[PDB]
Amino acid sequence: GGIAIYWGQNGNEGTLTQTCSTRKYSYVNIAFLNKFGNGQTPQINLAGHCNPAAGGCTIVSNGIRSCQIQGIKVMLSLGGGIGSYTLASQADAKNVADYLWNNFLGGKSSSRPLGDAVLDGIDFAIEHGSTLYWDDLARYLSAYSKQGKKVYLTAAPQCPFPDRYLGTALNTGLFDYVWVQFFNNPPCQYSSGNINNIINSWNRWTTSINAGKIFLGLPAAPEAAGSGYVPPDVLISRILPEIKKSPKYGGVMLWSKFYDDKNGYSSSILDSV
């Protein structure tokens, strides 16, 4: 399989171009568009990388294209752990979809936040706020694929099944890639000497939802999350041998680029994924 990586939440993790030239990642999620819905003007947060004001982040388009020519798919991730993002109604879902289409996808906008590059899709990283209309957002975005270029839909639900916020959206069967987060959740994450909880969770996800491929989402380092970190050796010799048997296995997802560099996680597991 392949490795999906989240980039954008630490200015010291390197440019998007550097990230893709590592040749270790197959998918890159740009985090995050953490503010939107309920009449708010959408705003992206890329930590210390760039300031979106006055097209300060349009420089990212160079990295996007650099990744895409290498066959790497780049998605814009909605939500995250911090933000006042939400959807007040179905009309709000349509408004946000149209916004995303014109500013990040194949639409037209005189003020595209990340430049003129066209992203491959939208990543759903919703973990708080409203639990409604996310399935509508997925439908409206998917409808735009009928105009020619496919709009990929990916999601990053928490491992507890079913996901309180993305459960309904995932039931639509419109998502291509789903990287479940097996951390910050005691009941379905790894615990010293115990892989039962994570394996049991994996079997529930791979047999319950209709998606293209499902990935094992993990923290790239002990400091990347509150809990759930899995030592490389344990992942390789005890977890991967089991989950790779599933026909829906897509690979591994890691949070995040910054911590991956410091811990050298992807470098240690790449060939086994």
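Numbering starts at 1 and runs along the sequence shown.
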### Message
Averaging CA B factors per stretch from the PDB record, which one is higher: 141-149 or 173-181?
### Response
141-149
## Note on the structure
Ranked by mean Cα B-factor in the entry, 84-92 and 109-117, top stretch is 109-117
### Of the residues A31, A211, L216, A47, the one carrying the largest Cα B-factor as recorded
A211
### Task
Name the third of the chain's ranked CA B-factors that contains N51, choosing lowest, middle or highest.
highest
### Task
Just say lowest, middle or highest third for the CA B-factor of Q68 relative to the other modelled residues in its chain.
middle
#### Entry: For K24, the third of its chain into which the C-alpha B factor falls
middle
### Query
By the record's CA B-factor, is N103 among the lowest, middle or highest third of residues in the chain?
middle
#### Entry: Chain-relative CA temperature factor third for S130
highest
